[PDB]
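All remarks here apply to the structure that follows.
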Amino acid sequence: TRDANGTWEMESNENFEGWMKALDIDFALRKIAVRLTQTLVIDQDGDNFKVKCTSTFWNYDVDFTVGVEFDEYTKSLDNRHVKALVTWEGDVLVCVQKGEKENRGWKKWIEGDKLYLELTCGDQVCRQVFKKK
Ligand SMILES: *C/C=C(C)/C=C/C=C(C)/C=C/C1=C(C)CCCC1(C)C
């Protein structure tokens with residue numbers, strides 16, 4: 001479907017550490033991030049999204065409009081400037097983040113009550129699955 005609204009609880013996360021290493025997140029921090037439970041809340045109104053991924057001390061938020069490139073500064077992650085763009089490819093929500101890292105971005109597949117999220121950087125893919133609470 002295209003309706004990603006909801007509160008999404010993590011069911012699985014594969015290759016998180018490889019993806020974080022490809023972004024250059026500090027090794028010591030990685031070993032903390034791997035322990036943290038993540039909650040993903042998405043508010044979607046037309047083209048307008050507000051995405052909030054939260055854990056006890058570490059969050060990632062992004063707000064965007066589909067089809068509108070935006071300057072993103074990943075201040076809580078690797079602290080880089082990218083030019084980000086989120087588009088629909090059929091029912092897949094696709095983000096490409098142009099900048100230093102190649103093949104950087106993410107894709108969301110919504111399948112009923114499930115959300116599949118693939119985060120890419122370089123040659124690494126992290127595959128996550130969430131279920132709608
Ligand atoms: C559509 C959903 C998206 C783009 C979710 C993105 C979430 C992240 C990039 C979360 C990253 C985090 C870490 C790399 C370390 C631990 C803290 C998190 C979960 C906020």
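Here, A, B, ... name the chains of the structure tokens in the order displayed, residue numbers run from 1 inside each chain, and ligands are numbered from 1 in the same displayed order.
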
Would you kindly return, as an mmCIF file with N, CA and C atoms, in the first residue's frame, each protein, DNA or RNA residue with an atom no farther than 9 Å from any atom of segment 23-36 of chain A, considering only C-alpha atoms and excluding same-chain residues fewer than 6 positions away?
data_model
loop_
_atom_site.group_PDB
_atom_site.id
_atom_site.type_symbol
_atom_site.label_atom_id
_atom_site.label_comp_id
_atom_site.auth_asym_id
_atom_site.auth_seq_id
_atom_site.Cartn_x
_atom_site.Cartn_y
_atom_site.Cartn_z
ATOM 1 N N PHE A 16 22.765 -4.062 10.581
ATOM 2 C CA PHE A 16 22.776 -2.737 11.136
ATOM 3 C C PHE A 16 24.170 -2.250 11.315
ATOM 4 N N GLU A 17 25.023 -3.127 11.821
ATOM 5 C CA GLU A 17 26.403 -2.667 12.149
ATOM 6 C C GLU A 17 27.154 -2.417 10.816
ATOM 7 N N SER A 55 14.854 6.215 20.160
ATOM 8 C CA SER A 55 15.371 5.235 21.144
ATOM 9 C C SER A 55 15.702 6.063 22.400
ATOM 10 N N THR A 56 16.187 5.397 23.467
ATOM 11 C CA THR A 56 16.430 6.112 24.761
ATOM 12 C C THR A 56 17.303 7.347 24.619
ATOM 13 N N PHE A 57 18.405 7.318 23.905
ATOM 14 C CA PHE A 57 19.116 8.604 23.849
ATOM 15 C C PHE A 57 19.463 9.062 22.447
ATOM 16 N N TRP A 58 18.961 8.326 21.478
ATOM 17 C CA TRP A 58 19.409 8.628 20.163
ATOM 18 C C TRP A 58 18.212 8.612 19.187
ATOM 19 N N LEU A 77 23.633 11.489 13.154
ATOM 20 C CA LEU A 77 24.227 10.282 12.635
ATOM 21 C C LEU A 77 25.676 10.567 12.225
ATOM 22 N N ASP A 78 25.978 10.622 10.950
ATOM 23 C CA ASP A 78 27.332 10.864 10.476
ATOM 24 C C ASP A 78 27.669 12.355 10.274
ATOM 25 N N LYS A 101 28.779 9.815 0.098
ATOM 26 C CA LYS A 101 28.600 8.361 -0.006
ATOM 27 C C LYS A 101 27.820 7.998 -1.253
ATOM 28 N N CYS A 121 24.136 2.253 2.058
ATOM 29 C CA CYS A 121 25.268 3.140 2.004
ATOM 30 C C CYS A 121 26.369 2.358 1.398
ATOM 31 N N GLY A 122 26.978 2.911 0.337
ATOM 32 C CA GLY A 122 28.117 2.164 -0.315
ATOM 33 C C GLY A 122 27.657 0.787 -0.761
#

- Based on DSSP run over this structure's backbone, return all residues of segment 6-48 of chain A in strand (DSSP E or B), as a ChimeraX atom specification. /A:6-14,39-45,48

If you keep N, CA, C and O atoms, can you produce a file of those selected residues as a tab-separated table (two decimals), in the first residue's frame?
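Result file follows (selection.tsv):
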chain	number	residue	atom	x	y	z
A	6	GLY	N	1.57	5.60	11.02
A	6	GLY	CA	1.38	4.70	12.18
A	6	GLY	C	2.57	4.72	13.07
A	6	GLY	O	3.61	5.47	12.87
A	7	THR	N	2.45	3.93	14.13
A	7	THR	CA	3.52	3.68	15.08
A	7	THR	C	4.01	2.32	14.78
A	7	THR	O	3.17	1.36	14.78
A	8	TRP	N	5.30	2.13	14.50
A	8	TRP	CA	5.84	0.90	13.97
A	8	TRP	C	6.89	0.33	14.93
A	8	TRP	O	7.77	1.09	15.38
A	9	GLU	N	6.69	-0.90	15.33
A	9	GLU	CA	7.59	-1.58	16.28
A	9	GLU	C	8.49	-2.49	15.50
A	9	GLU	O	8.10	-3.23	14.64
A	10	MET	N	9.77	-2.53	15.88
A	10	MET	CA	10.76	-3.30	15.16
A	10	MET	C	10.58	-4.78	15.36
A	10	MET	O	10.37	-5.25	16.53
A	11	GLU	N	10.61	-5.58	14.35
A	11	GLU	CA	10.60	-7.02	14.47
A	11	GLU	C	11.97	-7.59	14.12
A	11	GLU	O	12.39	-8.66	14.67
A	12	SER	N	12.79	-6.98	13.23
A	12	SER	CA	14.06	-7.50	12.83
A	12	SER	C	14.93	-6.40	12.26
A	12	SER	O	14.39	-5.38	11.82
A	13	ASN	N	16.21	-6.60	12.33
A	13	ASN	CA	17.20	-5.64	11.85
A	13	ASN	C	18.42	-6.38	11.48
A	13	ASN	O	19.15	-6.88	12.41
A	14	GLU	N	18.73	-6.51	10.21
A	14	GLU	CA	19.86	-7.28	9.70
A	14	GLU	C	20.93	-6.35	9.13
A	14	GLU	O	20.59	-5.42	8.35
A	39	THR	N	11.66	2.70	17.87
A	39	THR	CA	10.21	2.91	17.53
A	39	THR	C	10.19	3.92	16.38
A	39	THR	O	10.81	4.97	16.45
A	40	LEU	N	9.48	3.56	15.33
A	40	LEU	CA	9.35	4.43	14.16
A	40	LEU	C	7.95	5.00	14.05
A	40	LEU	O	6.99	4.21	14.01
A	41	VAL	N	7.74	6.28	14.16
A	41	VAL	CA	6.46	6.90	14.00
A	41	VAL	C	6.45	7.73	12.71
A	41	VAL	O	7.35	8.53	12.50
A	42	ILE	N	5.43	7.48	11.88
A	42	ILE	CA	5.34	8.19	10.60
A	42	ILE	C	4.01	8.94	10.55
A	42	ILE	O	2.92	8.30	10.84
A	43	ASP	N	4.03	10.20	10.26
A	43	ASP	CA	2.82	10.93	9.97
A	43	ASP	C	2.88	11.32	8.48
A	43	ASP	O	3.82	12.00	8.05
A	44	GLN	N	1.88	10.96	7.73
A	44	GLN	CA	1.87	11.14	6.27
A	44	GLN	C	0.54	11.81	5.94
A	44	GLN	O	-0.54	11.28	6.23
A	45	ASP	N	0.59	12.97	5.27
A	45	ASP	CA	-0.59	13.80	4.91
A	45	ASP	C	-0.33	14.27	3.43
A	45	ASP	O	0.46	15.24	3.24
A	48	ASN	N	3.23	15.17	2.31
A	48	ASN	CA	4.02	15.68	3.44
A	48	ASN	C	4.28	14.60	4.47
A	48	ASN	O	3.27	14.00	5.00

- Task: Can you tell me which residues come within 6 Å of ligand 1 when counting only C-alpha atoms and all ligand atoms, ideally as a ChimeraX atom specification?
- Result: /A:33,38,53-54,58-60

- Nearest to residue 109 of chain A among A:74, A:97, A:128, A:15, with distances taken over only C-alpha atoms: which residue is it?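 Between A:74, A:97, A:128, A:15, the residue approaching residue 109 of chain A most closely is A:128.
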
DSSP alpha helix (DSSP H) selection over segment 16-114 of chain A, as a PDB file with N, CA, C and O atoms, in the first residue's frame:
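Wrote it out as part_11.pdb, contents follow:
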ATOM      1  N   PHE A  16      22.765  -4.062  10.581  1.00  0.00           N
ATOM      2  CA  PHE A  16      22.776  -2.737  11.136  1.00  0.00           C
ATOM      3  C   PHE A  16      24.170  -2.250  11.315  1.00  0.00           C
ATOM      4  O   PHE A  16      24.506  -1.106  10.985  1.00  0.00           O
ATOM      5  N   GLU A  17      25.023  -3.127  11.821  1.00  0.00           N
ATOM      6  CA  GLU A  17      26.403  -2.667  12.149  1.00  0.00           C
ATOM      7  C   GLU A  17      27.154  -2.417  10.816  1.00  0.00           C
ATOM      8  O   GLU A  17      27.940  -1.461  10.806  1.00  0.00           O
ATOM      9  N   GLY A  18      27.052  -3.243   9.787  1.00  0.00           N
ATOM     10  CA  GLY A  18      27.713  -2.990   8.545  1.00  0.00           C
ATOM     11  C   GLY A  18      27.280  -1.681   7.914  1.00  0.00           C
ATOM     12  O   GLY A  18      28.114  -0.920   7.395  1.00  0.00           O
ATOM     13  N   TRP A  19      25.975  -1.374   7.955  1.00  0.00           N
ATOM     14  CA  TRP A  19      25.498  -0.133   7.419  1.00  0.00           C
ATOM     15  C   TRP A  19      26.063   1.061   8.237  1.00  0.00           C
ATOM     16  O   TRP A  19      26.522   2.043   7.651  1.00  0.00           O
ATOM     17  N   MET A  20      25.979   0.973   9.585  1.00  0.00           N
ATOM     18  CA  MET A  20      26.553   2.035  10.385  1.00  0.00           C
ATOM     19  C   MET A  20      28.062   2.230  10.127  1.00  0.00           C
ATOM     20  O   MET A  20      28.511   3.381  10.105  1.00  0.00           O
ATOM     21  N   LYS A  21      28.781   1.145   9.983  1.00  0.00           N
ATOM     22  CA  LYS A  21      30.256   1.233   9.665  1.00  0.00           C
ATOM     23  C   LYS A  21      30.423   1.963   8.334  1.00  0.00           C
ATOM     24  O   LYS A  21      31.329   2.797   8.237  1.00  0.00           O
ATOM     25  N   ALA A  22      29.570   1.673   7.346  1.00  0.00           N
ATOM     26  CA  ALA A  22      29.728   2.329   6.027  1.00  0.00           C
ATOM     27  C   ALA A  22      29.497   3.779   6.136  1.00  0.00           C
ATOM     28  O   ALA A  22      30.051   4.581   5.347  1.00  0.00           O
ATOM     29  N   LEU A  23      28.715   4.233   7.096  1.00  0.00           N
ATOM     30  CA  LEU A  23      28.481   5.704   7.339  1.00  0.00           C
ATOM     31  C   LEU A  23      29.579   6.331   8.173  1.00  0.00           C
ATOM     32  O   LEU A  23      29.539   7.551   8.317  1.00  0.00           O
ATOM     33  N   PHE A  27      32.835   3.183  16.273  1.00  0.00           N
ATOM     34  CA  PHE A  27      32.687   1.796  16.610  1.00  0.00           C
ATOM     35  C   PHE A  27      32.093   1.636  18.013  1.00  0.00           C
ATOM     36  O   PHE A  27      31.196   0.808  18.212  1.00  0.00           O
ATOM     37  N   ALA A  28      32.555   2.492  18.940  1.00  0.00           N
ATOM     38  CA  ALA A  28      32.098   2.359  20.336  1.00  0.00           C
ATOM     39  C   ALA A  28      30.577   2.696  20.385  1.00  0.00           C
ATOM     40  O   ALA A  28      29.800   2.042  21.090  1.00  0.00           O
ATOM     41  N   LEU A  29      30.126   3.678  19.581  1.00  0.00           N
ATOM     42  CA  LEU A  29      28.758   4.041  19.561  1.00  0.00           C
ATOM     43  C   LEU A  29      27.915   2.943  18.949  1.00  0.00           C
ATOM     44  O   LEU A  29      26.752   2.690  19.337  1.00  0.00           O
ATOM     45  N   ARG A  30      28.416   2.295  17.898  1.00  0.00           N
ATOM     46  CA  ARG A  30      27.702   1.242  17.267  1.00  0.00           C
ATOM     47  C   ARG A  30      27.280   0.218  18.207  1.00  0.00           C
ATOM     48  O   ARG A  30      26.202  -0.348  18.067  1.00  0.00           O
ATOM     49  N   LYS A  31      28.184  -0.175  19.128  1.00  0.00           N
ATOM     50  CA  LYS A  31      27.902  -1.250  20.054  1.00  0.00           C
ATOM     51  C   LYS A  31      26.825  -0.835  21.035  1.00  0.00           C
ATOM     52  O   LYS A  31      26.134  -1.715  21.495  1.00  0.00           O
ATOM     53  N   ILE A  32      26.621   0.460  21.291  1.00  0.00           N
ATOM     54  CA  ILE A  32      25.410   0.927  22.051  1.00  0.00           C
ATOM     55  C   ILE A  32      24.162   0.910  21.201  1.00  0.00           C
ATOM     56  O   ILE A  32      23.081   0.457  21.613  1.00  0.00           O
ATOM     57  N   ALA A  33      24.252   1.378  19.945  1.00  0.00           N
ATOM     58  CA  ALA A  33      23.064   1.472  19.117  1.00  0.00           C
ATOM     59  C   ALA A  33      22.462   0.144  18.824  1.00  0.00           C
ATOM     60  O   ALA A  33      21.239   0.062  18.782  1.00  0.00           O
TER      61      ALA A  33
END

- Message: One number please: atom CA of residue 90 of chain A to atom CA of residue 102 of chain A, in Å, one decimal.
- Response: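 These atoms are spaced 23.4 Å apart.
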
- Item | atom CA of residue 99 of chain A to atom CA of residue 82 of chain A, distance in Å rounded to a single decimal |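 These atoms are spaced 4.9 Å apart.
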
- Query: Interatomic distance between atom CA of residue 49 of chain A and atom CA of residue 123 of chain A?
  - Reply: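 Interatomic distance, atom CA of residue 49 of chain A to atom CA of residue 123 of chain A: 27.5 Å.
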